[PDB]
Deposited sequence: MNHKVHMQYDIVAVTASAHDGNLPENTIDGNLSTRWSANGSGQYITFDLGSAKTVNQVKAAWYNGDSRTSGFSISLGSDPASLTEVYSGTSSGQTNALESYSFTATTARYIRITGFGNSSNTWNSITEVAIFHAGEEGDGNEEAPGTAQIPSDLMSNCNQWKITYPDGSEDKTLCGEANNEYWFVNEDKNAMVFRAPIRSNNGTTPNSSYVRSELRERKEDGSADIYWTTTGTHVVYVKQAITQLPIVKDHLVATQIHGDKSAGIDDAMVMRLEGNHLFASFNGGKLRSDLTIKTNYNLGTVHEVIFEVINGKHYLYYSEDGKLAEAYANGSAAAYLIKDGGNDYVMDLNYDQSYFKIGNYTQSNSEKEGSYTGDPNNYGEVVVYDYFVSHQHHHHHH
C-alpha cells in the first residue's frame, strides 16, 4: 500500500444550510448531512494551518441514485482560493469518492455545489481531506551536488569502468539524482557481459574513499578516531539472490581483514558482516527491514574498537552532534562495541555493492527490475589521530 496521510478537519462553515448543518460532514455518520439549495452554494473546510493537499473525498446524499456537480478550490485565505478540480459525482455509491489534483498548499478547502440530476440541492454526508502517495525536497541537479567534497571519492560502475574525477559529472543510469533532488542513487542492474565486469563477479555502483584533494587512494589505520555516517535507504534487491552490501570498512585481503565491517541486507535481514563471517559472526541489526525505509548508520573506529549505530527515527546525526547517541548503539551481548581489531591499509566505501550476477540470476538476467539499489540522502567521514 502506498502511504496516504489524512488531515483532521478542525472546523467547517458554508454559504448556507437548511438546518442540516455543515458539521454533519465530518461526524463519520452516513445518516447526517449538510444541505443547501441552489447552484453556487458551498461548504468550506478548515485544517487549522496550511498542509500539502492533493485529494478530497466526498460521499453524497443519494450518491447511488443521482449525480451532483461541483468544483473544489483551495488556499490559505477563504478569498484567496483557486480552483483545482471540477466535475461530477459518479451516481453509483453512497460511500466516499476520491477527487485528486496537483498537490497544493492549503489551509482551507471549499467544495462548491451546482445542484444534482433531479434538483438544485447540494447534500453531502461525509468529507475527508488527504495527501495520497519523506525527506524534504532539495535542489540537487547532478550527483556531485550532494557531495560535500566531490574530490574525496571515486566511483566504480557495474560496467567495470571507474571515474576518479566526479566533480561536475552528469547523471547516468548507475549514479543519478532522485526525483526529489535530495539524494544520489546507486543502481546496479544484473546483466550478462556488462563492459569488462566478469559474469561471475558481483556488481557495484559505489564510492571508494580518496584523499581530500583527489590526488590518490587514501589508506588509514584503526589507530585514532575514524567515522563514516550515512543516511540512506536500500530500495531494491535482485530477484533470485536478493543480497546487497551498502556501507563498508575495507582492509587488505592478504592480512585476513578484507571487508572488515560492512552493512548487508538479505531479504528483510539487515546485518553487519565481518569479512563474511571469518573475523566474527554476523550481527543482526533488524530482521524486518522493509525496502525503501530511510535509515542512518555510523561505523566508528577508535583505536581498534568498532562501534555500530543505527536509527530509523531521523535523529542519529543530530544526536551524535549533540553527544547523546549511545541510545542508537547496536550492542553485542554486554559490549558497547561489536568488534575490537587492529589493522592498517584501511578505507571507507559508500553506495551499492550488489551480491548477485548473471550466473546466480540465470534466466531473470536482463530483467528490468533485476537490480540492487541504494539511495543516499547524506553522508560524512572524519579522521583524527
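Gaps between the deposited sequence and the modelled coordinates occur at 1-2, 136-141, 394-398, listed in sequence order.
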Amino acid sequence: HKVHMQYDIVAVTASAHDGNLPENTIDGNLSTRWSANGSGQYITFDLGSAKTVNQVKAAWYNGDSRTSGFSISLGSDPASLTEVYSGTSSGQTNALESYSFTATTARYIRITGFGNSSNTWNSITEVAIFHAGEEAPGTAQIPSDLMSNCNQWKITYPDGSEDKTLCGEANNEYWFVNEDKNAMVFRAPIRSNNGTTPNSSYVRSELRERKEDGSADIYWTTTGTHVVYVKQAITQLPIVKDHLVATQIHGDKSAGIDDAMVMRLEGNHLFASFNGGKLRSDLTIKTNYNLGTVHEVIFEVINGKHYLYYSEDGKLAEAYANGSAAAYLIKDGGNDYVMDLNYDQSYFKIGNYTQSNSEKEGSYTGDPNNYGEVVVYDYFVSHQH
From here on, numbers count along this sequence of modelled residues.
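When the C-alpha B-factors of 306-314 and 98-106 are averaged, 98-106 comes out higher. When the C-alpha B-factors of 30-38 and 46-54 are averaged, 46-54 comes out higher. If you compare the C-alpha temperature factors of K231, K278, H269, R187 in the entry, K278 comes out highest. Out of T284, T235, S76, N151, it is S76 whose C-alpha atom has the highest B-factor in the PDB entry. When all modelled residues of the chain are sorted by CA temperature factor, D64 is found within the middle third.
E169 sits in the middle third of its chain by CA B factor, as recorded in the PDB entry. The PDB entry assigns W121 a C-alpha temperature factor belonging to the middle third of its chain's modelled residues. In the PDB entry, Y289 places in the middle third of its chain by CA B-factor. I330: CA B factor lies in the middle third for its chain, per the PDB record.
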